$ cat coords39.cif   # mmCIF, N, CA and C atoms and all ligand atoms
data_model
#
loop_
_atom_site.label_atom_id
_atom_site.label_comp_id
_atom_site.auth_asym_id
_atom_site.auth_seq_id
_atom_site.Cartn_x
_atom_site.Cartn_y
_atom_site.Cartn_z
N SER A 1 162.63 -51.79 289.83
CA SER A 1 161.74 -50.60 289.68
C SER A 1 162.54 -49.31 289.93
N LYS A 2 162.09 -48.22 289.39
CA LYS A 2 162.80 -46.93 289.61
C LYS A 2 162.29 -46.25 290.88
N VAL A 3 163.14 -45.55 291.54
CA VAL A 3 162.73 -44.86 292.77
C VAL A 3 163.37 -43.51 292.86
N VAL A 4 162.62 -42.53 293.23
CA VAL A 4 163.22 -41.18 293.34
C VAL A 4 162.64 -40.42 294.54
N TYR A 5 163.27 -40.55 295.67
CA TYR A 5 162.79 -39.85 296.89
C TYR A 5 162.97 -38.35 296.73
N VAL A 6 162.01 -37.56 297.07
CA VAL A 6 162.20 -36.11 296.92
C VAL A 6 162.56 -35.51 298.27
N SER A 7 163.02 -34.29 298.29
CA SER A 7 163.38 -33.66 299.58
C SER A 7 162.26 -32.72 300.00
N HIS A 8 162.56 -31.74 300.80
CA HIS A 8 161.49 -30.78 301.20
C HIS A 8 161.50 -29.64 300.18
N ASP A 9 162.65 -29.37 299.63
CA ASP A 9 162.76 -28.30 298.60
C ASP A 9 162.57 -28.91 297.20
N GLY A 10 162.48 -30.21 297.11
CA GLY A 10 162.29 -30.86 295.78
C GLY A 10 163.52 -31.71 295.43
N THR A 11 164.67 -31.39 295.96
CA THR A 11 165.87 -32.21 295.63
C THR A 11 165.53 -33.67 295.91
N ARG A 12 165.79 -34.51 294.98
CA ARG A 12 165.45 -35.95 295.16
C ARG A 12 166.68 -36.87 295.05
N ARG A 13 166.43 -38.15 295.13
CA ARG A 13 167.46 -39.19 295.01
C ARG A 13 166.95 -40.16 293.97
N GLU A 14 167.68 -41.17 293.65
CA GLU A 14 167.12 -42.12 292.67
C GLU A 14 167.71 -43.53 292.87
N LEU A 15 166.90 -44.47 293.25
CA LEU A 15 167.38 -45.86 293.44
C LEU A 15 166.84 -46.76 292.33
N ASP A 16 166.78 -48.01 292.63
CA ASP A 16 166.23 -49.01 291.70
C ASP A 16 165.70 -50.13 292.58
N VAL A 17 164.61 -49.87 293.25
CA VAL A 17 164.06 -50.88 294.19
C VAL A 17 163.10 -51.79 293.44
N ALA A 18 163.31 -53.07 293.55
CA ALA A 18 162.47 -54.05 292.81
C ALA A 18 161.25 -54.49 293.60
N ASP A 19 160.55 -55.42 293.03
CA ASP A 19 159.37 -56.00 293.68
C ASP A 19 159.81 -56.70 294.95
N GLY A 20 159.36 -56.22 296.06
CA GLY A 20 159.75 -56.87 297.34
C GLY A 20 160.65 -55.94 298.15
N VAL A 21 161.33 -54.99 297.55
CA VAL A 21 162.18 -54.13 298.40
C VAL A 21 161.37 -52.96 298.90
N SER A 22 161.68 -52.51 300.06
CA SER A 22 160.97 -51.32 300.58
C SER A 22 161.83 -50.09 300.29
N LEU A 23 161.26 -49.05 299.74
CA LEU A 23 162.10 -47.86 299.46
C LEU A 23 162.99 -47.57 300.64
N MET A 24 162.59 -47.97 301.80
CA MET A 24 163.45 -47.72 302.96
C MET A 24 164.68 -48.60 302.82
N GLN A 25 164.50 -49.82 302.42
CA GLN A 25 165.67 -50.70 302.23
C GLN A 25 166.59 -50.08 301.18
N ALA A 26 166.18 -50.08 299.93
CA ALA A 26 167.05 -49.46 298.88
C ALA A 26 167.57 -48.09 299.35
N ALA A 27 166.69 -47.20 299.73
CA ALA A 27 167.13 -45.85 300.20
C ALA A 27 168.27 -45.99 301.20
N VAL A 28 168.09 -46.80 302.20
CA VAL A 28 169.17 -47.00 303.21
C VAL A 28 170.36 -47.74 302.57
N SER A 29 170.23 -48.09 301.31
CA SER A 29 171.33 -48.82 300.60
C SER A 29 172.08 -47.85 299.68
N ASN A 30 171.40 -46.83 299.24
CA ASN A 30 172.04 -45.84 298.36
C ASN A 30 172.48 -44.67 299.22
N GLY A 31 172.21 -44.76 300.50
CA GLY A 31 172.62 -43.66 301.42
C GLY A 31 171.49 -42.65 301.56
N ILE A 32 170.28 -43.05 301.27
CA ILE A 32 169.13 -42.11 301.40
C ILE A 32 168.82 -41.89 302.87
N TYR A 33 168.45 -42.93 303.55
CA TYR A 33 168.16 -42.81 305.01
C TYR A 33 169.46 -42.83 305.81
N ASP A 34 170.40 -42.02 305.43
CA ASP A 34 171.70 -41.98 306.16
C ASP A 34 171.46 -41.83 307.67
N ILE A 35 170.30 -41.35 308.05
CA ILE A 35 170.02 -41.18 309.51
C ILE A 35 169.94 -42.55 310.19
N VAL A 36 169.72 -42.57 311.48
CA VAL A 36 169.64 -43.87 312.20
C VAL A 36 168.21 -44.12 312.70
N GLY A 37 167.27 -44.27 311.81
CA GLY A 37 165.87 -44.51 312.24
C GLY A 37 165.39 -45.86 311.70
N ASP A 38 165.88 -46.94 312.24
CA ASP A 38 165.45 -48.28 311.75
C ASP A 38 164.80 -49.08 312.88
N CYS A 39 163.54 -49.38 312.76
CA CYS A 39 162.85 -50.16 313.83
C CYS A 39 162.74 -51.63 313.42
N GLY A 40 163.62 -52.09 312.57
CA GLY A 40 163.57 -53.51 312.13
C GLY A 40 162.15 -53.85 311.66
N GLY A 41 161.59 -53.04 310.80
CA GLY A 41 160.21 -53.32 310.31
C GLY A 41 159.27 -53.50 311.50
N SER A 42 159.65 -53.02 312.65
CA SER A 42 158.78 -53.16 313.85
C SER A 42 157.88 -51.93 314.00
N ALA A 43 157.99 -50.99 313.09
CA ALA A 43 157.14 -49.77 313.18
C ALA A 43 157.28 -49.13 314.57
N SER A 44 158.47 -48.73 314.93
CA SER A 44 158.67 -48.10 316.27
C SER A 44 159.64 -46.92 316.16
N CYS A 45 159.76 -46.33 315.00
CA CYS A 45 160.69 -45.18 314.84
C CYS A 45 159.96 -44.01 314.17
N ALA A 46 160.67 -42.96 313.85
CA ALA A 46 160.01 -41.79 313.19
C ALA A 46 160.99 -41.05 312.27
N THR A 47 162.15 -41.61 312.03
CA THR A 47 163.13 -40.92 311.13
C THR A 47 162.82 -41.26 309.67
N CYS A 48 162.08 -42.31 309.45
CA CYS A 48 161.73 -42.71 308.05
C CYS A 48 160.45 -42.00 307.61
N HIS A 49 160.18 -40.85 308.15
CA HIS A 49 158.95 -40.09 307.77
C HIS A 49 159.07 -39.57 306.34
N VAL A 50 158.11 -39.87 305.50
CA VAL A 50 158.19 -39.38 304.10
C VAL A 50 156.79 -39.32 303.48
N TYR A 51 156.74 -39.03 302.22
CA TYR A 51 155.46 -38.95 301.52
C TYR A 51 155.58 -39.54 300.11
N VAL A 52 154.96 -40.63 299.86
CA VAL A 52 155.07 -41.24 298.51
C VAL A 52 154.16 -40.52 297.52
N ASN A 53 154.66 -40.16 296.37
CA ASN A 53 153.77 -39.48 295.39
C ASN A 53 152.46 -40.28 295.28
N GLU A 54 151.36 -39.61 295.05
CA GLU A 54 150.05 -40.33 294.97
C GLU A 54 150.04 -41.40 293.87
N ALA A 55 151.05 -41.47 293.04
CA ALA A 55 151.05 -42.50 291.96
C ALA A 55 151.83 -43.74 292.40
N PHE A 56 152.22 -43.79 293.64
CA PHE A 56 152.98 -44.97 294.13
C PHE A 56 152.52 -45.33 295.54
N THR A 57 151.54 -44.65 296.03
CA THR A 57 151.02 -44.99 297.38
C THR A 57 149.90 -46.01 297.23
N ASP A 58 149.05 -45.79 296.26
CA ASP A 58 147.91 -46.71 296.02
C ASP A 58 148.30 -47.81 295.03
N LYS A 59 149.50 -47.76 294.56
CA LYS A 59 149.99 -48.78 293.60
C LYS A 59 150.80 -49.78 294.38
N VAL A 60 151.65 -49.24 295.19
CA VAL A 60 152.53 -50.03 296.06
C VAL A 60 151.67 -50.51 297.25
N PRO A 61 152.24 -51.24 298.18
CA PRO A 61 151.42 -51.78 299.29
C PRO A 61 150.93 -50.68 300.23
N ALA A 62 149.66 -50.42 300.13
CA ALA A 62 148.99 -49.40 300.96
C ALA A 62 148.80 -49.92 302.37
N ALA A 63 149.87 -50.02 303.07
CA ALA A 63 149.85 -50.53 304.46
C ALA A 63 148.61 -50.04 305.24
N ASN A 64 148.39 -50.56 306.41
CA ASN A 64 147.18 -50.13 307.20
C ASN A 64 147.55 -49.34 308.46
N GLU A 65 146.61 -49.20 309.36
CA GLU A 65 146.81 -48.43 310.63
C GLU A 65 148.27 -48.43 311.11
N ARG A 66 148.97 -49.53 311.00
CA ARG A 66 150.38 -49.53 311.47
C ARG A 66 151.12 -48.38 310.81
N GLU A 67 151.23 -48.41 309.51
CA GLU A 67 151.92 -47.32 308.78
C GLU A 67 151.25 -45.98 309.05
N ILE A 68 149.97 -45.99 309.29
CA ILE A 68 149.27 -44.71 309.58
C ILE A 68 149.57 -44.28 311.02
N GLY A 69 150.20 -45.14 311.78
CA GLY A 69 150.55 -44.77 313.19
C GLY A 69 151.91 -44.08 313.20
N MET A 70 152.98 -44.83 313.07
CA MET A 70 154.33 -44.19 313.04
C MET A 70 154.26 -42.96 312.14
N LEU A 71 153.57 -43.07 311.04
CA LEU A 71 153.40 -41.91 310.13
C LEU A 71 152.60 -40.85 310.89
N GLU A 72 151.49 -41.23 311.45
CA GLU A 72 150.70 -40.25 312.24
C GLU A 72 151.59 -39.67 313.34
N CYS A 73 152.66 -40.36 313.65
CA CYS A 73 153.59 -39.87 314.71
C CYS A 73 154.44 -38.72 314.17
N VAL A 74 155.02 -38.87 313.00
CA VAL A 74 155.85 -37.76 312.43
C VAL A 74 155.16 -36.42 312.69
N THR A 75 155.86 -35.34 312.60
CA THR A 75 155.23 -34.03 312.86
C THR A 75 155.37 -33.16 311.61
N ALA A 76 155.32 -33.75 310.45
CA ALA A 76 155.48 -32.93 309.23
C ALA A 76 154.22 -32.90 308.37
N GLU A 77 154.40 -32.46 307.16
CA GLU A 77 153.31 -32.31 306.15
C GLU A 77 152.53 -33.62 305.95
N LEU A 78 151.86 -34.12 306.94
CA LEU A 78 151.18 -35.42 306.69
C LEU A 78 150.20 -35.31 305.55
N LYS A 79 150.01 -36.44 304.94
CA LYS A 79 149.20 -36.53 303.72
C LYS A 79 148.25 -37.72 303.77
N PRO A 80 147.46 -37.84 302.74
CA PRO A 80 146.55 -38.99 302.62
C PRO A 80 147.39 -40.21 302.24
N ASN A 81 148.47 -39.96 301.56
CA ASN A 81 149.39 -41.06 301.14
C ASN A 81 150.66 -41.04 302.00
N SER A 82 150.64 -40.33 303.10
CA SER A 82 151.86 -40.27 303.95
C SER A 82 152.45 -41.66 304.08
N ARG A 83 153.74 -41.77 304.22
CA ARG A 83 154.30 -43.14 304.31
C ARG A 83 155.71 -43.17 304.89
N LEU A 84 156.04 -44.29 305.43
CA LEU A 84 157.41 -44.52 305.94
C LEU A 84 157.98 -45.62 305.04
N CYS A 85 158.75 -45.23 304.06
CA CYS A 85 159.30 -46.20 303.07
C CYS A 85 159.51 -47.62 303.65
N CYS A 86 159.76 -47.76 304.92
CA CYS A 86 159.98 -49.13 305.49
C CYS A 86 159.01 -50.17 304.88
N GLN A 87 157.85 -49.78 304.41
CA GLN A 87 156.91 -50.81 303.86
C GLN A 87 156.46 -50.50 302.43
N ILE A 88 156.90 -49.43 301.85
CA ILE A 88 156.46 -49.15 300.46
C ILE A 88 157.29 -50.04 299.52
N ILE A 89 156.72 -51.14 299.08
CA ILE A 89 157.50 -52.08 298.20
C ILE A 89 157.48 -51.60 296.76
N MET A 90 158.62 -51.55 296.16
CA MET A 90 158.72 -51.09 294.76
C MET A 90 158.39 -52.21 293.78
N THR A 91 157.39 -52.04 292.96
CA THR A 91 157.08 -53.12 291.98
C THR A 91 157.52 -52.69 290.59
N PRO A 92 157.40 -53.61 289.69
CA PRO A 92 157.79 -53.36 288.30
C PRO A 92 156.76 -52.45 287.62
N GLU A 93 155.62 -52.22 288.25
CA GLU A 93 154.64 -51.29 287.61
C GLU A 93 154.92 -49.91 288.15
N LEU A 94 155.39 -49.86 289.36
CA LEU A 94 155.69 -48.57 290.00
C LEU A 94 157.12 -48.16 289.72
N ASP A 95 157.66 -48.64 288.65
CA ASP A 95 159.03 -48.23 288.31
C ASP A 95 159.02 -46.72 288.05
N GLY A 96 159.51 -45.94 288.97
CA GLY A 96 159.53 -44.46 288.75
C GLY A 96 158.82 -43.75 289.91
N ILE A 97 158.67 -44.42 291.01
CA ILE A 97 158.01 -43.84 292.20
C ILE A 97 158.65 -42.53 292.60
N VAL A 98 157.85 -41.61 293.02
CA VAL A 98 158.37 -40.30 293.46
C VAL A 98 158.05 -40.17 294.95
N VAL A 99 159.05 -40.17 295.80
CA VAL A 99 158.75 -40.06 297.26
C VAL A 99 158.94 -38.62 297.69
N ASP A 100 158.29 -38.23 298.74
CA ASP A 100 158.41 -36.82 299.18
C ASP A 100 158.90 -36.76 300.61
N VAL A 101 159.96 -36.05 300.83
CA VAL A 101 160.50 -35.96 302.20
C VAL A 101 160.04 -34.64 302.85
N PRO A 102 159.66 -34.74 304.09
CA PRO A 102 159.16 -33.58 304.84
C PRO A 102 160.29 -32.84 305.55
N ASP A 103 159.99 -31.69 306.10
CA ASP A 103 161.02 -30.91 306.84
C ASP A 103 160.97 -31.30 308.32
N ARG A 104 159.90 -31.92 308.74
CA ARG A 104 159.77 -32.36 310.15
C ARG A 104 159.84 -33.87 310.16
N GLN A 105 161.00 -34.43 309.98
CA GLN A 105 161.09 -35.90 309.94
C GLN A 105 161.55 -36.44 311.30
N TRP A 106 160.84 -36.13 312.34
CA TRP A 106 161.23 -36.62 313.69
C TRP A 106 160.96 -38.13 313.79
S1 LIG B 201 161.57 -47.78 309.52
FE1 LIG B 201 160.63 -47.53 311.49
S2 LIG B 201 158.52 -47.12 310.99
FE2 LIG B 201 159.70 -46.68 309.19
#

$ encode --input "coords39.cif" --output "structure tokens"
Amino acid sequence: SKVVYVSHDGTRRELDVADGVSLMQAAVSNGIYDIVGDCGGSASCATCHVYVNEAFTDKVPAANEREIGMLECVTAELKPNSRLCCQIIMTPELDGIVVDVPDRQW
């Protein structure tokens, strides 16, 4: 699947995350999450704070309270589709996901 994380000013990245990969995985593979915010899928960090375009949040796995927690933890432009790529799985239908990165990615 196609993946394009955006920045706060709009600058984005572009991976190729397939069905089963989390944009966080691929992103941390193309050098997207160059930072050190990995909770081993344990949902205990806040550096993976991001925003998946509304066309890939309800298409990809719309995680529950867990993702709404660490996400609710970030201190940036939270959204209805706010997300921490750690669980946004890229599928073959969501080929072309647009992710949004905030300026407050604590
Ligand atoms: S990788 Fe830790 S919650 Fe996103």

$ closest_residue --input "coords39.cif" --among "A:75, A:24, A:64, A:5" --to "residue A:46" --atoms "all atoms listed in the file"
A:75

$ residues_near_ligand --input "coords39.cif" --ligand "ligand LIG 201 (chain B)" --cutoff "8 Å" --atoms "only C-alpha atoms and all ligand atoms" --output "PyMOL selection string"
chain A and resi 24+37-49+67+70-71+84-87

$ select_by_dssp --input "coords39.cif" --residues "chain A" --states "alpha helix (DSSP H)" --output "number ranges by chain"
A: 23-30, 54-57, 65-73

$ residues_near_point --input "coords39.cif" --point "(158.7, -43.8, 290.9)" --cutoff "12 Å" --atoms "only C-alpha atoms" --output "NGL selection string"
:A and (1-6 or 12-18 or 23 or 52-57 or 59-60 or 88-100)

$ residues_around --input "coords39.cif" --residues "residue A:9" --least-positions-apart "2" --cutoff "9 Å" --atoms "only C-alpha atoms" --output "PyMOL selection string"
chain A and resi 6-7+11-12+101-103

$ atom_distance --input "coords39.cif" --atom1 "atom C of residue A:106" --atom2 "atom N of residue A:73"
8.6 Å

$ atom_distance --input "coords39.cif" --atom1 "atom CA of residue A:104" --atom2 "atom CA of residue A:61"
23.8 Å

$ axis_aligned_box --input "coords39.cif" --around "stretch 75-88 of chain A" --padding-each-side "4 Å" --output "AutoDock Vina command-line options"
--center_x 153.3 --center_y -41.6 --center_z 306.2 --size_x 21.4 --size_y 26.5 --size_z 21.3

$ atom_distance --input "coords39.cif" --atom1 "atom CA of residue A:68" --atom2 "atom CA of residue A:81"
9.2 Å
